[PDB]
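Trainee: return a 3D structure for these sequence lines:
(chains A and B, ligands or ions: 6)
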Amino acid sequence: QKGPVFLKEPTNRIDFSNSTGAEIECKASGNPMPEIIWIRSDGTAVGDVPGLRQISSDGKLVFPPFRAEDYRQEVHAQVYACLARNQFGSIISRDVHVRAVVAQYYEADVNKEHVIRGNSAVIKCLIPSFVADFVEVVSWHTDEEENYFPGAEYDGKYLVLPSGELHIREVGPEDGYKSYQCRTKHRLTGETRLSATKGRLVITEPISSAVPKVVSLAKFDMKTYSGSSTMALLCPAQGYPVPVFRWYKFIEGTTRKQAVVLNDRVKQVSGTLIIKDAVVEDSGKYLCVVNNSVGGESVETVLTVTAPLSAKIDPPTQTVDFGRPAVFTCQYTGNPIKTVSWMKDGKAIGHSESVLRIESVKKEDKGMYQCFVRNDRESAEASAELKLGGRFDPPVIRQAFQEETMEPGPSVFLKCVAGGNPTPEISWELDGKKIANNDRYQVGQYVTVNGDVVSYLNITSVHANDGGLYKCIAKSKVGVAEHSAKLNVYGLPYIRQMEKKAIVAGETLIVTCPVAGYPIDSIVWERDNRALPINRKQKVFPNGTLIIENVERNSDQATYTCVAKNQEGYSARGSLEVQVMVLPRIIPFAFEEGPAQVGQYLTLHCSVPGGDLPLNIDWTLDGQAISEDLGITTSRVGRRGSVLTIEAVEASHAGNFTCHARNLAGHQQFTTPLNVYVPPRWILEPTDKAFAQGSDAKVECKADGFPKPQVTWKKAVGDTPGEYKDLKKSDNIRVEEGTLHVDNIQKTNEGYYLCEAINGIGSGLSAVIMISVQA
Amino acid sequence: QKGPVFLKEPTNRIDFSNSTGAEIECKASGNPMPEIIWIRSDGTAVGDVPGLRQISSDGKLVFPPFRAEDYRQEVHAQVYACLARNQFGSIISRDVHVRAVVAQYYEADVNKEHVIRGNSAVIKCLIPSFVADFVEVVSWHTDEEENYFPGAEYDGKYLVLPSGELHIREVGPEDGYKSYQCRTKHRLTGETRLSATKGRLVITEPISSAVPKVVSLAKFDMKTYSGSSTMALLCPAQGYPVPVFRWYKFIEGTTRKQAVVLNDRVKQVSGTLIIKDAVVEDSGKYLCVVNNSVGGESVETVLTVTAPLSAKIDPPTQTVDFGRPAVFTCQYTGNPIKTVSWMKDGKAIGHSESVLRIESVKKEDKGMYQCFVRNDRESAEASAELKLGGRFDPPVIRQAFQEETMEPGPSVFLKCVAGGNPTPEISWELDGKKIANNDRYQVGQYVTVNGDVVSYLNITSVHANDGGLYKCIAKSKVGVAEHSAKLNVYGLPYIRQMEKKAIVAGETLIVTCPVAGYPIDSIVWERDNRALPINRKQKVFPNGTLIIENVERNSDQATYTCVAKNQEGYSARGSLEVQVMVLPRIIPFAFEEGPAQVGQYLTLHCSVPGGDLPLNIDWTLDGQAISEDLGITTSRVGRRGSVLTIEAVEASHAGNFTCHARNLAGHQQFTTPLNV
Ligand SMILES: *[C@@H]1O[C@H](CO)[C@@H](O[C@@H]2O[C@H](CO)[C@@H](O[C@@H]3O[C@H](CO)[C@@H](O)[C@H](O)[C@H]3NC(C)=O)[C@H](O)[C@H]2NC(C)=O)[C@H](O)[C@H]1NC(C)=O
Ligand SMILES: *[C@H]1O[C@H](CO)[C@@H](O[C@@H]2O[C@H](CO)[C@@H](O[C@@H]3O[C@H](CO)[C@@H](O)[C@H](O)[C@H]3NC(C)=O)[C@H](O)[C@H]2NC(C)=O)[C@H](O)[C@H]1NC(C)=O
Ligand SMILES: *[C@@H]1O[C@H](CO)[C@@H](O[C@@H]2O[C@H](CO)[C@@H](O)[C@H](O)[C@H]2NC(C)=O)[C@H](O)[C@H]1NC(C)=O
Ligand SMILES: *[C@@H]1O[C@H](CO)[C@@H](O[C@@H]2O[C@H](CO)[C@@H](O)[C@H](O)[C@H]2NC(C)=O)[C@H](O)[C@H]1NC(C)=O
Ligand SMILES: *[C@@H]1O[C@H](CO)[C@@H](O[C@@H]2O[C@H](CO)[C@@H](O)[C@H](O)[C@H]2NC(C)=O)[C@H](O)[C@H]1NC(C)=O
Ligand SMILES: *[C@@H]1O[C@H](CO)[C@@H](O[C@@H]2O[C@H](CO)[C@@H](O)[C@H](O)[C@H]2NC(C)=O)[C@H](O)[C@H]1NC(C)=O
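Mentor: Numbering: from 1, shown residues only, chains lettered A, B, ... in the order given. Ligands and ions are numbered 1, 2, ... in the order given. The coordinates are given below.
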């Protein structure tokens, strides 16, 4: 009554210890009640291993407890998958990574950390890389018996970073005394153990002015944090004098960078940036700059925040009639997505796009169609079913005429009684030609009381060469069904006329040499006297049918001939005119790579060589085709070329553009995207101002443009414009919402400040201003 | 007789210890014999500091020995530069980084290294980052008293990597016994000291099949190695079963990669790639892949091999005649080059391309032109001189009128007597406007027996607002020379007319608000009522001149105003119309990438937005422009676009094709090859 559907899959990750053991339950619903077979990475169904791996009832795959010696990679470190299936269809679950890890010994280390008196320290708890996955930092402990846990900052100095390190703010002599050591927990065994080696802070006292330096390799790193956690970006840099750390985030993909906005969610402890409550929007390339009076160094971080994968197919089940299209839409959530791929009753298909579209359904299309959305660490699945339409039964042929041979003279009566719902029309064909009430052929069709169509083909007096391949076609607007059969008439070989076969590039020409007369011996196809099959395109069969695979003009455009001859002498010739028209070849486009800014001049060029003479070239914007009122100038070029000109680009002109060009016996097109961005415009460019002594200076600079611009500021110090340099890093002077927020204005803060509005669409917007003091 | 030239510059880097001291000698040649003044980062000439820094004879800058307390950043951690100069001209040397470092204590550490029995180990000698620059690894020592130096591999197992690490190949139980410790040398103090902490190999039994793992951050790194050294690329990856390491080099810039070719010069020890005798060609993005039966991990390295910077200007000295062009070519070697920049007699110029080209030389162009080629760690300089040729003397102004003020009424007689060879023409200008025999201005010019031009400007009865900045221009076809001077007339403020100033993208607009009347107090420029300093590009001076640097249309195309007002009330307004003309931007082409076969249909499309209205678009084939007989159909597109159609392609149509399109106040073009 219903195909299978997963009610409960196993998780993506199952990690466990050899003393703990593990079980993974896979529950599937269906009708008939499906069996649950477990499968392996390659596709083979997984077997049993007494003691290590057992397949139990209710689709429960069990990995019982075991000893180190009993550990076996094949079983305890393997990619499993649950496959639920009934006689109606099959569905394989998402990937289940089984990782049994034998409870092995590990010891964490904490080594000496060297600091230049004044800089901030990061005491790292070194865990053996090979056990990292299962071991993490829990709490730090000092020899003075102080215990630093994760959470808020202790004494405004000591802070346990999310990533496990102990971050000592502003290291001074009073801290080279304490010996620090970490306490780790193994997330499978459940033991918390202290480090075997205690670290300490070697504090060295500054004499020479040391340029800020980073640990070479530590200059660049990529991190992948789990969703809605607390992320810890570090900027390892020592130096003297004590340097200052500034954080920036690059704008998606570009070389432009915005300064990081400090607040309640994102905070900066010394040089380390802490980001609370992570979201996917926080993903990107982060740059930390570290300056001091001597020099400046910089480090970067490629940060990627995750989001659980989850899939859903619309609709869950659908019933489609034969011949009609079936649509599956895969709806998915999660980040990042590396591979969206489709599947059918276990085995995969070629489709790797969200929407799977069957153009014309048939029997073999029945069953389950799965959609997979997977990445490096996760895999989400979604299921769906296709039922064969029905209670809407297609055309079938019951009492149908069968093969016959005869001598000319007698009346022949062929009958095709076809049934179906709705009641179909029955048309008659002879060797591909539709014959009607022509000559002495009479063709009839009535409907029986039961609702079946009885169609007769009466031939008054079958003639020498009426014989051939007759077929009736039971066609319904719900699908088609045909029945062919051979009628042989005594007589000399006689080949019918063949109207010119007009085929287009690359199509497969299938043609049958329509012979007549029954003692026919040999039907051979010839081109210019040579036997037809002489190249990779051409195939010919003794039944008298020719078939060319990939049609091409100067190759196979010609007048073919078929010769039919009986035993002892008599022969007949037929001449086919294979016309191979040249299908138009559209050459690709290129918009000016700006992209286009509002108020532009865009020129698009559609050029196409191909089928001479008729050339119908049109332009199409997603859904419709150019109403001139809109303001888009479509022109042609002499030899049926085309140029789409758009002066005065507007937002309305944004979207999917397509040159749709067709030519006698073909239709080809090409699509190009058109994005219409907008530059920065001011909505409040600043007002020349003089504040009172020590008043909080609130001067608002603000623009509007697409993409949203960033509002920089700068200052020129000595009462003169020209230096325009970055502001003076202090809580006194802040930038927020594009507003210059300079609290408690100092009498030295006279002079010109300059706000720039930029999104990178055109050159920048800029504004100069003088902020002064009064007392 | 000759401008200065550097015979001996100081090195880019001078590092030294407070007990050792250091001297940097800068020797320069010339005629007259040039003085050698030492300069500082900003451009100021460096002074003396008794005890710490002393400027001695022979251009020797001396940094004598000193005590820790005496160390001072300003002096002992500074960017110095030698400047040699004579009365003929000036030349400043390459940058000299002086880094005095007080002999301070350091202790190297060697910590526990954990390995999965079977994998290869890399025992690292941890040096304090802040002393790295002056401390490197010399040799390793084991508690069993074995000493591993750099060079070839010991016992086919132990190897000291170039970068100082101890690389233990295929670690087995028999090696968790030995305690390893490194011996470092300080390259300034000259002491070699052992590590304060001995490391060891914690060897662990493999039971669980562990996927190869790298140290997260250690997945990506950029290195910059010195030329012709031995480079050491590492691929830190443990795992079980014992994994296999494959190295690849990416093809310059692309996503395609080639497998690294092992031989005698480049060898692979376990997972670490060693490259001997480095060359710039070895620079690139290297990828190490590490696979095993369970999984696969990968690390990358951005490797950059250096090459000493060295510059040379062709020619070293040249003598050019007035009005004629002077060419300097900067020839340089070295890698990488970040900035090729030109300079003149100390102060820099705007040119940042190899070939410096003076289009028309004049007096002020005489002297030295330096070329700099610099990067992050190095800076190479090259010098050159320009002498003034002639025996063909340029225009000079002898008896010239000087500044004056007066009340209106009297007749004024300005005289510019200019000399030169040939005898120049003298034209008169007022505030940028050329005035002739207009109104009651009479302007004359005769030639004296001696061959000097005596040009007079007689104003019949100087009026209220004839006053302003008068200048005479002594122009010769061998060069030019001008003389300006101020004439003040007593009247109310009065600003002249200003014809629309038509400027093109990026040009520098310089404009002076032509006021008249002498008790004038305040000349201020305004845009739409705000005072005109209102965007980066804009500068304004109390003399009443405005100047915009980089002109751009919607930014600064507008009608500017200048207001001039005297003390107590009276004012006058002037309106300038600054127009930004736009130079045409031609969009590139694309022939069908076949290439074209004889008997073809080729369609080429020349599209250009820019200067509205006039648009002259032509097509050019190497040497000439389309004779229609040949069989090439040139068409236009509605809004002055262009389409070159060639049906029936022939051999004659092969060659260099170019769309040459010009627009009022500009000419732009683009070339495409046509290969049949
Ligand atoms: C107001 O009026 C002048 C225009 O009428 C302004 O223009 C500036 O004049 C300066 C001369 O006083 C020039 O300065 C010189 O610039 C050259 C650059 O090539 C230097 O070598 C000189 O050493 C320098 N001399 C000094 C120290 O002044 C400016 O170049 C010029 N600006 C431009 C680009 O036109 C002046 O701002 C001002 N002067 C007066 C007379 O009041
Ligand atoms: C304004 O420009 C000039 C004064 O600013 C005047 O040019 C003057 O022409 C005079 C002709 O009358 C010359 O006077 C002659 O000087 C020579 C010197 O060697 C004597 O021999 C002549 O006797 C004498 N001419 C006579 C007989 O008067 C002057 O050379 C010359 N003035 C000066 C001092 O340079 C113009 O008069 C006047 N107008 C114009 C159109 O320029
Ligand atoms: C799973 O493997 C571990 C390691 O072989 C076993 O745990 C050890 O058990 C022995 C014998 O009782 C103890 O001496 C060790 O101290 C244990 N190792 C640890 C964790 O320190 C464990 O017994 C195995 N599970 C079984 C036998 O099913
Ligand atoms: C402070 O340090 C930063 C980073 O080193 C410097 O910023 C760079 O300056 C150069 C010019 O010298 C620019 O081309 C780079 O784009 C800047 N890096 C960035 C931010 O991407 C800055 O110049 C330093 N301050 C000093 C001493 O000038
Ligand atoms: C440069 O300063 C250093 C640091 O003070 C001096 O080195 C001292 O040398 C004495 C005797 O040679 C030793 O006791 C110590 O190793 C150093 N003092 C300490 C503890 O810092 C050095 O003398 C100075 N250079 C000179 C000679 O002026
Ligand atoms: C060894 O394993 C590595 C894993 O690092 C394989 O390389 C990846 O293969 C995936 C397969 O989908 C590719 O899409 C990635 O581009 C590869 N990642 C990188 C950059 O390493 C590799 O297939 C294995 N080696 C071979 C060639 O068999």
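Trainee: would you pull up the residue in the stretch 551-700 of chain A closest to ligand 2?
Mentor: residue A:688 (49.9 Å; Cβ to the nearest ligand atom). Yep, even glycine has a C-beta here, placed from its N, CA and C like the rest.
Trainee: surely that residue is in contact with residue B:530?
Mentor: Yes - taking Cβ atoms under 8 Å as the definition, residue A:688 is a contact partner of residue B:530 at 7.4 Å.
Trainee: list the contacts for the residue of the stretch 551-700 of chain A closest to ligand 2?
Mentor: A:769, A:770, B:530 (Cβ atoms under 8 Å, 6 or more residues apart in numbering or on different chains).
Trainee: where do the strands sit along the stretch 101-250 of chain A?
Mentor: Using DSSP state E, counting those that start in this stretch, the strands found in the stretch 101-250 of chain A span residues A:113-116, A:121-123, A:135-142, A:147-148, A:158-160, A:166-168, A:179-186, A:192-194, A:199-204, A:220-225, A:231-233, A:244-250.
Trainee: adjacent strands (with direction) for the fourth one?
Mentor: Translated: strand A:147-148. Partner strands and pairing direction for strand A:147-148 (DSSP bridges) are strand A:135-142 (antiparallel).
Trainee: please apply the same query to the first one.
Mentor: Next to strand A:113-116 in the sheet, as set by DSSP bridges, lie strand A:199-204 (parallel).
Trainee: what count of nearby residues applies to residue A:643?
Mentor: Residue A:643 has 21 neighbours, counted by other Cβ atoms under 10 Å in any protein chain shown.
Trainee: am I right that residue A:148 is in contact with residue A:137?
Mentor: No - the criterion here is Cβ under 8 Å, and residue A:148 misses it with residue A:137 at 10.6 Å.
Trainee: need the overlap of contacts for those two.
Mentor: By Cβ under 8 Å, 6+ apart, residue A:148 and residue A:137 have these common neighbours: residue A:160.
Trainee: what pairs with the residue in chain A positioned nearest to ligand 4 across the strands?
Mentor: With Cβ to the nearest ligand atom, the shortest gap between chain A and ligand 4 falls at residue A:296, namely 2.5 Å. Here residue A:296 sits in beta bridges with residue A:291, going by DSSP bridges.
Trainee: how about residue A:652, secondary structure?
Mentor: Under DSSP: H, G, I helix; E, B strand; the rest coil, residue A:652 falls in the helix class.
Trainee: next, the contact list for it, please.
Mentor: By Cβ under 8 Å, 6+ apart, the residues touching residue A:652 are residue A:630.
Trainee: quick check: it vs ligand 6, distance?
Mentor: Residue A:652 is 41 Å from ligand 6, where distance means Cβ to the nearest ligand atom, to the nearest Å.
Trainee: ok, now how distant is that residue from chain B?
Mentor: 20 Å (Cβ to the nearest Cβ, to the nearest Å).
Trainee: let me know whether stretch A:329-348 sits next to chain B.
Mentor: No - using Cβ under 8 Å from any Cβ of the partner chain, stretch A:329-348 stays clear of chain B, with a minimum separation of 15.8 Å.
Trainee: in that stretch, which residues are buried?
Mentor: By 16 or more other Cβ atoms under 10 Å in any protein chain shown, the buried positions in stretch A:329-348 come out as A:330, A:332, A:334, A:335, A:336, A:340, A:341, A:342, A:343, A:344, A:345, A:346.
Trainee: so who does the nearest residue to the fifth one once chain neighbours are set aside touch?
Mentor: Think residue A:336. Sequence neighbours aside, residue A:375 is the residue nearest to residue A:336 in space, at 5.7 Å (criterion: Cβ to Cβ, 6 or more residues apart in numbering or on different chains). Neighbouring residues of residue A:375 by Cβ under 8 Å, 6+ apart: A:309, A:334, A:336, A:337, A:338, A:339.
Trainee: OK, contacts around the nearest residue to residue A:327 once chain neighbours are set aside?
Mentor: Spatial nearest neighbour of residue A:327, excluding adjacent residues (Cβ to Cβ, 6+ apart): residue A:357 at 5.6 Å. By Cβ under 8 Å, 6+ apart, the contact set of residue A:357 is A:325, A:326, A:327, A:328.
Trainee: could you flag which of these are buried?
Mentor: Neighbour-count burial (16+ other Cβ under 10 Å) applied to these gives A:326, A:328.
Trainee: quick check: residues of the stretch 1-150 of chain A near chain B?
Mentor: Within the stretch 1-150 of chain A, the positions adjacent to chain B are A:68, A:71, A:73, A:76-77, A:100-102, A:104-105, A:107, A:109, A:111-112, A:114, A:116, A:126, A:128-130, A:132 by Cβ under 8 Å from any Cβ.
Trainee: pull up the pairing partners for the strand or helix carrying residue A:5, direction included.
Mentor: Residue A:5 belongs to strand A:2-8 when elements are defined using DSSP states H and E. Sheet partners assigned to strand A:2-8 using DSSP bridges are listed as strand A:27-31 (antiparallel).
Trainee: residues contacting the residue nearest to the spatial centre of chain A?
Mentor: In chain A, the C-alpha nearest the mean C-alpha coordinate belongs to residue A:340, at 5.2 Å (Cα atoms, centre = their mean). Residues counted as contacts of residue A:340 (Cβ under 8 Å, 6+ apart) are A:330, A:332, A:352, A:353, A:354, A:371, A:372, A:373.
Trainee: if you set the cut-off to 7 Å instead, what comes out?
Mentor: A:330, A:332, A:352, A:354, A:373 (Cβ atoms under 7 Å, 6 or more residues apart in numbering or on different chains).
Trainee: same question for residue A:701.
Mentor: Going by Cβ under 7 Å, 6+ apart, residue A:701 touches A:684, A:685, A:686, A:711, A:738, A:739, A:740, A:755, A:767.
Trainee: try residue A:599
Mentor: Taking Cβ under 7 Å, 6+ apart as the definition, contacts of residue A:599 comprise A:648, A:649.
Trainee: what about the closest residue to residue A:435 other than its chain neighbours, neighbour count?
Mentor: Leaving aside its sequence neighbours, residue A:435 sits nearest to residue A:441 (Cβ to Cβ, 6+ apart; 5.4 Å). Other residues within reach of residue A:441, judged by other Cβ under 10 Å, total 16.
Trainee: and for residue A:176?
Mentor: Neighbourhood size, residue A:176 [other Cβ under 10 Å]: 15.
Trainee: please report phi then psi for it.
Mentor: phi -80, psi 0 (degrees, to the nearest 10).
Trainee: from chain B, how far off is residue A:372?
Mentor: To chain B, residue A:372 is 21 Å away according to Cβ to the nearest Cβ.
Trainee: and for that residue, nearest residue in space, chain neighbours not counted?
Mentor: Here the residue nearest residue A:372, using Cβ to Cβ, 6+ apart, is residue A:341, at 4.9 Å.
Trainee: what's the one you found in contact with, if anything?
Mentor: Residue A:341 neighbours (Cβ under 7 Å, 6+ apart): A:348, A:352, A:372.
Trainee: give the contact list for the residue of the stretch 251-400 of chain A found nearest ligand 1.
Mentor: Closest contact between the stretch 251-400 of chain A and ligand 1, by Cβ to the nearest ligand atom, is at residue A:293 (30.3 Å). Shown in contact with residue A:293 (Cβ under 7 Å, 6+ apart): residue A:241.
Trainee: let's verify it: helix, strand, or coil?
Mentor: On the three-state scheme (three-state DSSP), residue A:293 is labelled coil.
Trainee: what's it sitting at in phi/psi?
Mentor: Residue A:293 adopts backbone torsions of phi -60, psi -20, taken as degrees, to the nearest 10.
Trainee: and stretch A:283-293, does that touch ligand 4?
Mentor: Yes - Stretch A:283-293 reaches ligand 4 (Cβ under 6 Å from any ligand atom) through A:289, A:291.
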